[PDB]
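Below: the structure, in C-alpha cells.
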Amino acid sequence: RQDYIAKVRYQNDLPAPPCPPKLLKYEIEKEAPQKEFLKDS
Amino acid sequence: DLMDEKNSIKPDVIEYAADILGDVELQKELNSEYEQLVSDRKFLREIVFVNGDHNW
Amino acid sequence: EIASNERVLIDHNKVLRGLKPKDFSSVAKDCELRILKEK
Amino acid sequence: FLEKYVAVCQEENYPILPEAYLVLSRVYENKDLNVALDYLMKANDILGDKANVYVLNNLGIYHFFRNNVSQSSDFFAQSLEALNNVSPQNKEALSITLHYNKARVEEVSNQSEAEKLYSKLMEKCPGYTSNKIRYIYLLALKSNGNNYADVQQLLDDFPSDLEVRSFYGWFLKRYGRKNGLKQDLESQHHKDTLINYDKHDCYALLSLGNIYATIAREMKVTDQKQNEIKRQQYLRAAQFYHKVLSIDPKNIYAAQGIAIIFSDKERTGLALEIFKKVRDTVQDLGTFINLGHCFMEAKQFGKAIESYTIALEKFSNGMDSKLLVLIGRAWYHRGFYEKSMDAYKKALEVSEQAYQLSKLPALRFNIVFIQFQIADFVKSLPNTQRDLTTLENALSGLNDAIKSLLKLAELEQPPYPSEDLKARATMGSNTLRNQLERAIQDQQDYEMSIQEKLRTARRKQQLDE
Amino acid sequence: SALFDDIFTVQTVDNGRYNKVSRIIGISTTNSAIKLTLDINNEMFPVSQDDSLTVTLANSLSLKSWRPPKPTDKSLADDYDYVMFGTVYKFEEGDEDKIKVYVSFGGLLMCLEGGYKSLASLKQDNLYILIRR
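Structure follows, in C-alpha cells:
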C-alpha cells in the first residue's frame, strides 16, 4: 500500500516530579504551642 | 448583463450558469424587462408621486 | 525537624487536581463495566 | 466557627486574633487558595511588624502558585530578611528551607543560580533528597541523560524514597534505549516499589500500565491466542489504571491510558469523550495531538485539522515536522473524501514546508504521492470544474513527482521498495501524463468556444442597434 | 454528536435593565476572532468577569411532548452545568470568512461570530447550548 507516510504514537508520558517549595507549619500547628495558647488565663 | 461575467447572475445560485453567458436572445428579453422597469420608474417619479413618497 | 516543619500544599495523588479538580467517577464506572466486565 | 468569631469581633470592635486567620488559611489550602491567601494577607496586615518567617514563606508560595512571580519574589526576599530574627535552634532548618525555595524560584527564572544554590545546600545538608533530585534532574536536562551513574547512586542512597524512585523511573523511561538497559528492569523496579513500599502509589502503577501497553502493542498478532495475550496485557494495564482511579478518580493520566487502550480496541467514542474531558481539564501538546488522532479515527477531518493547528501554534510553535505531517495527512483525507482541490493544495504546501525544514525521503515520497493524487483528481474533474492553470500545475507536479520517484528508487533504503517506486513512476508517465494533455486540449477547446460565443454576440448586438 | 466546542473567557458582564439576565461577551482562547454574546440566567448560572467557560453546541442530547427526565436515563446534559434549547433564526453567510449565527433561547439571545470552517455545521433549525464551569 504505497500511500502517505505517517506515524501515530499517543503521548501519555508522565512529567518529572515537580518538587515544589514546601510550606512552613505555623507555631500554632504544633501541639505544645496549642496547649499553651488555649490554657491562657 | 449576460455578456460581462462579473456583472451577471452568480453561478452558485443557478444550475444552468454554464450555458447562459453569450446568449443574445435571452439578453434581448432581459433588456426588454429592464426597459419596462425604467419606464415604470419614470412614470412613478415624474407623474404620480413627484415628491418621491414610496409607501402607499 | 525539617520534615516536621515541612508542609506540601498538594498531595501526591491530588497533584493532578491543583486549583481545579474534575471527577471521572463515571469514566471509572464505564471502564469497570466495559473493560474488567468486557465480554 | 472561625467566621462567626470574626464577625462577632468585628461587631464588638475587638482585635481579631490572626491565629484564626492562619487556621482558616490552613483549612482553605485544600479548598480555596484564593480565600486562604486573602486570610493570610489579613493576618499579615493585623500583625504589621509582627510578621513571621512562616507567614512570608506561605505568602510567597501562594503567589508562586498564582504565578505572581514579582510578588512571590518580594515575599521570599522579606522572608530571607526576617530570617536574621529567627531563633538559633530553628535557624539552620529555616535557612535551608528558604534557600531551597529561592533555588526553586531561580530554577523557574534562571537554572544557573538554582544549581549554584543547590550545590550550596547539598554541601550544607547532603541528606536532603529534593535538592539532590532537582540538581541531578537539571544536570540530566543539560547532559541529555548522560549521568545515569548519578541517578543510580541517588536511587541507592534512598531506596525507600518515593520521590527518588519516581525520578529514577522517569529517567529510565526517558533514556532506557539510550543506556541499553533491560526493558523489564524498570518494570521490576516498580513492582518492588509497589509490593514492598507502597501498593497505592499511582506513579508506579501508571508506569507499569504504560510498559504493559507498550509490550502489548509491540506484540505481533497471528491468531486468537496472541490477540488474547495482548488483551490480557491491556487488561493488566487497565487494572493498574482502575486501581489508580480507586485511589484517586481525578487522575487525567489514567483516563488517557484508558482512552489509548480503547483506541487500540477501536472504542473510538469513549476515547473521544475522555480526550475532550482531558482537554477541558488540562491543555498540553499531547492532549491536542491525541484529539487530532481521535478525530482522524472519527472521520472528523476538519476538527482534526483544527486540533493539529492549535497543537502546532501553542506548544511546538511551528517547528516539529510530525505535526506538519499530521496536518498534511488530515488535509489529504479531507480532499479525498470531500473531493476538494483546495485541501490538496494546502496539503501540498504543508508537505513542501515540512520537507524544506527536513529534506527527508519520507517527505519526498509524501510530496510525490500528493502530486500524483492531485493529477489524478484534476484529470477526473470535468472541464467546467477546472481551468488551464490547474492543469498546468498538475502536469508540472506530475513531472517533478516522477523525477523524485526515480530519485527515491535510487536511494539505499527508500520508504517503499524501489521496484514499487519505479513501477508507480512508469504507470504515471505512461497513461496519466497523456490524459493530462488530453484534458488540457479539451479545456483549451472549451475556452475557445466560450470566447467565440462572447465575440459573436457583441457584433450582432451592434448590428441591431 | 456535538456540533461545536470551545473554551471562552468572559470579557464583559452586563446586567443593565434586568435582574435575572446578564449579557456576557467571550472570545475563544484557542482561536481569536471567535466571539460569543449570550444571555444567561444569573440566579441559576452566575458568572463573573474573566471566568473560563466550556461552551458546546449540539443538535441533540442523545448518546415530541416534553416530560420531566427520569433519574434512570442518561443524556449528554449530565456533564454540564447549564443547558438551554433554542431556535436558529439567522445564519449570516457574510464576508469571506465572517459567519454570524443568531440563536434565540425563548427570548434569550445568542450571537456567535467565527470563521466558516468552525461554524459550517451550525446550519440547523434548533440547537442546544451546553455550558460548563
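Chains as they are written, first to last, in the entry's author numbering: chain v, 7 to 47; chain A, 901 to 956; chain x, 141 to 179; chain q, 426 to 890; chain H, 3 to 65, 76 to 145.
Cβ coordinates follow ideal geometry from the N, Cα and C atoms, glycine included.
query                                                                                                                                                                                                      : result
Counting only C-beta atoms, is x:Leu173 closer than 8 Å to chain q at any point?                                                                                                                           : no
Taking q:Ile558 as the reference, which of q:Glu531, q:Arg590 and q:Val775 has the closest Cα?                                                                                                             : q:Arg590
Closer than 7 Å by C-beta to q:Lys549: which residues in its own chain qualify, once you throw out the five before and the five after it? Chain order, please.                                             : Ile521
Note down the Cα distance separating v:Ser47 from v:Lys36, rounded to an integer number of angstroms.                                                                                                      : 20 Å
Got a sec, what are the start and stop residues for the alpha helix (DSSP H) q:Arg759 sits in?                                                                                                             : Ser746 to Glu763
Residues in the same chain with beta-carbon distance under 6 Å from H:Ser24, minus the five sequence neighbours each way, listed in chain order, please.                                                   : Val15, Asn17, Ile42 and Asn44
Restricting to runs no shorter than 3 residues, where is the beta strand (DSSP E) found entirely within the stretch 697 to 724 of chain q?                                                                 : none
Do you know offhand how far H:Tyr140's Cα is from q:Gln649's?                                                                                                                                              : 45 Å
Beta carbon of q:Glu517: closer than 7 Å to some heavy atom of the ligand NAD?                                                                                                                             : In the structure shown, the ligand NAD is absent, as is every other ligand, since no ligand is present at all.
Is it right to say q:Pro513 is buried, meaning 16 or more other beta carbons lie within 10 angstroms of its own, or is it exposed?                                                                         : exposed
Across which residues does DSSP place x:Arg147 in a beta bridge pair?                                                                                                                                      : v:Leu29
For q:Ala772, is the classification buried or exposed, using 16 other Cβ atoms within 10 angstroms of its Cβ as the cut-off for buried?                                                                    : buried
Under a CB-based cut-off of 8 Å, is v:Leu20 close to chain x?                                                                                                                                              : no
If contact is defined by three or more beta carbon pairs under 8 Å, each pair taking one atom from either stretch, is the stretch 693 to 704 of chain q in contact with the stretch 712 to 725 of chain q? : yes
Quick one, which of q:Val431, q:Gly473, q:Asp474 and q:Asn526 has its alpha-carbon nearest x:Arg147's?                                                                                                     : q:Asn526
Could you have a look at x:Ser165 and say whether DSSP puts it in helix, strand or coil?                                                                                                                   : helix
Report all residues from its chain with a CB closer than 6 Å to the CB of q:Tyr573; omit the five preceding and five following residues, and keep chain order.                                             : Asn604
Which of the three DSSP states is assigned to A:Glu946 in this structure?                                                                                                                                  : helix
Under 8 Å, do H:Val113 and H:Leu120 count as touching if we go by C-beta distance?                                                                                                                         : no
How far does the alpha helix (DSSP H) with q:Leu508 in it extend, from its first residue to its last?                                                                                                      : Segment: none, q:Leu508 is in no alpha helix (DSSP H) and carries neither H nor E.
Whole alpha helix (DSSP H) runs in the stretch 610 to 654 of chain q with 4 or more residues, listed along the chain?                                                                                      : 610 to 617 and 627 to 643
Under a CB-based cut-off of 8 Å, is v:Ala12 close to chain q?                                                                                                                                              : yes
For a cutoff of 8 Å on Cβ pairs, would you count q:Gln886 as touching chain A?                                                                                                                             : yes
Under 7 Å, CB to CB, which of the residues in the stretch 717 to 739 of chain q have a partner in chain H?                                                                                                 : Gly727 and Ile735
What whole-angstrom Cβ distance do H:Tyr92 and H:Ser116 have, given they're in contact under 8 Å?                                                                                                          : Actually they do not touch by this definition, with Cβ atoms about 20 Å apart.
Quick one: give me the first and last residue of the alpha helix (DSSP H) that q:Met852 is part of.                                                                                                        : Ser843 to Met852
Name the residue from q:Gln435, q:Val433 and q:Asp470 whose alpha carbon lies nearest to the alpha carbon of q:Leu447.                                                                                     : q:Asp470
So, with DSSP's three-state summary, where would you put A:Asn955?                                                                                                                                         : coil
Using DSSP with H/G/I as helix, E/B as strand and the rest coil, what is residue 2 of chain H?                                                                                                             : A query on residue 2 of chain H cannot be resolved here, the shown segment of chain H reaching from 3 to 145 and no further.
Which of helix, strand or coil does DSSP assign to H:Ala60?                                                                                                                                                : strand
Need the endpoints of the beta strand (DSSP E) that q:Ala779 sits in, please.                                                                                                                              : Here q:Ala779 belongs to no beta strand (DSSP E); instead the alpha helix (DSSP H) covers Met766 to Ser783.
Could you pull out every residue in the same chain whose Cβ sits closer than 8 Å to the Cβ of q:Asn482, ignoring the five residues on either side in sequence?                                             : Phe500, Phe501, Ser504, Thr522, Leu523 and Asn526
Please name the residues in the stretch 698 to 709 of chain q whose beta-carbon is closer than 9 Å to at least one beta-carbon of chain H, in chain order.                                                 : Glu698, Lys701, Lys702, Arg704, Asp705 and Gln708
Quick check on the DSSP output: what are the complete alpha helix (DSSP H) runs of length 4 or more inside the stretch 467 to 545 of chain q, in order along the chain?                                    : 478 to 490, 494 to 507 and 513 to 534
Listed in chain order, which residues of the stretch 461 to 476 of chain q have Cβ atoms closer than 8 Å to some Cβ of chain x?                                                                            : none
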